[PDB]
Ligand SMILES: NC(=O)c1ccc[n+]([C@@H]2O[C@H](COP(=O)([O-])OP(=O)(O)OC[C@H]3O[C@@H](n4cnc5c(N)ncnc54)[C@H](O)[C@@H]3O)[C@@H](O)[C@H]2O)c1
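Have a look below at one chain only, the form deposited without the ligand, in C-alpha cells format.
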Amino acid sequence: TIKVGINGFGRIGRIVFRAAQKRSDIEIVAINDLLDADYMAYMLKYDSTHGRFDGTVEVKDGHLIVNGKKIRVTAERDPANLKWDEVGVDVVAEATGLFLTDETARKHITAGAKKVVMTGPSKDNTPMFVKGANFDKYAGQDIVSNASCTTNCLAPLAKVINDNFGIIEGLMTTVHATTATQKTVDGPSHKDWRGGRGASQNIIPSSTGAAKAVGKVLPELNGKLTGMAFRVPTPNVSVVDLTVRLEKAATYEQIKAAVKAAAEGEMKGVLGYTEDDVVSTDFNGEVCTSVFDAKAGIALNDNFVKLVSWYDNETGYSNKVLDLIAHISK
C-alpha cells in the first residue's frame, strides 16, 4: 500500500482521511497540524456535514489510533522538520493551503517523502491534473496539484461537450456552498470585501479561476471559458451552471445521451448522470466530481445551451486527491 501523510487537518484534510479508510491501496500513517491528538480525534469523530466517523477513534499516549492503526501526530510549522521517512511516507497530501509552490512544497521531499500532491491549484507552474481530463498526461513529476473543487466539476463535463460538439465559448456560474474562509457575521476580509459579509445572511458574488484553469488541464479549451461564483447559505454541495455556444448543432437529447454515455463509459466514477428531481443535499457524500442534472438544464436552440452539474465540494475533490495519489504512485 501507498503510505500517505496529511499536512493540514482542515475540511479537505479530514475528508481525505475519511475517504482513505475505504481504500485498500492507501494508508494514512501520519497527520501534521497545530492541533493536539485528542482534538484531532474529536474533529475526526464528529462532523456536522458528514455525520459520525464510521469506525473507531482513540488516543493512546499522544498517538491517534484509528480502526486499530497508529497515526503519528506532529505539530511542525515548517515541513522540512516533518521527518516523513521516519514513518515511511511515500506521498504527502499537502492540504494546508500554504505551500502551493514548488519551492515550498518540496520541503516535504527534503523531509523524506517521495512525492507531493497539493490539494488546491498551484500558484506557480506546478502541473495540475483533473481526473477525467488529463491524468494520462502525468509524466512522472514529484510535485503535482489536483486543481480546485470547481475545476474538478467543470473540466470533465466540458471535455464531453467539447469532444462531441465543439465548444466555441462558454461562461459559467457556480452557486457554491459556504466555506471555512467566510465569516459567520459581517467581519474583516481585506483582500475580498464581499467575502467578509455574513455567510448565512447573503448571496455573495465571488471570483474564481476554475473556468480559466480548465484551459490548463484541457489546453484545447484554453481561452474559451471563464466564469464567476455566488456563495450561498448552505454548508456543503455546489453546482455549476455552464452556458456554452456549440460548433455542431446538438439537440438537448443528444447532449443528454452523450453525457450519459461518458458517465457509463470512459468517465465512469468521475462524471455522473441523473434525470431525477434532485436538490443539493442529494449529493452530500457524492464521490463523482461532476453529476449532470438532465432535467435542470435548458437549451435556447441547438447551438446555445445551459448545462447544470452538481458536486460535493468536499467529498468528490477529496476522493480524487486520493485517485491522484494512487495514479502518480503507479
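One-based numbering along the sequence shown.
One more form of this protein should be noted, the form solved in complex with the ligand, which is absent from this view; the next part is about it.
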{"item": "Heavy atom of residue 97 within 4.5 Å of the ligand in the deposited complex", "value": "yes"}
{"item": "Non-hydrogen atom contact residue 9 with the ligand in the deposited complex at 4.5 angstroms", "value": "yes"}
{"item": "4.5 angstroms heavy atom contact with the ligand in the deposited complex for residue 310", "value": "no"}
{"item": "4.5 Å heavy atom contact, residue 77 and the ligand in the deposited complex", "value": "yes"}
{"item": "Contact stretch among 177 to 185, 156 to 164, 218 to 226, 137 to 145 - heavy atom within 4.5 Å of the ligand in the deposited complex", "value": "177 to 185"}
{"item": "Single option in 130, 149, 113, 93 placed near the ligand in the deposited complex, where near means a heavy atom within 4.5 Å", "value": "149"}
{"item": "Residues from 240 to 263 in contact with the ligand (non-hydrogen atom within 4.5 Å) in the deposited complex", "value": "none"}
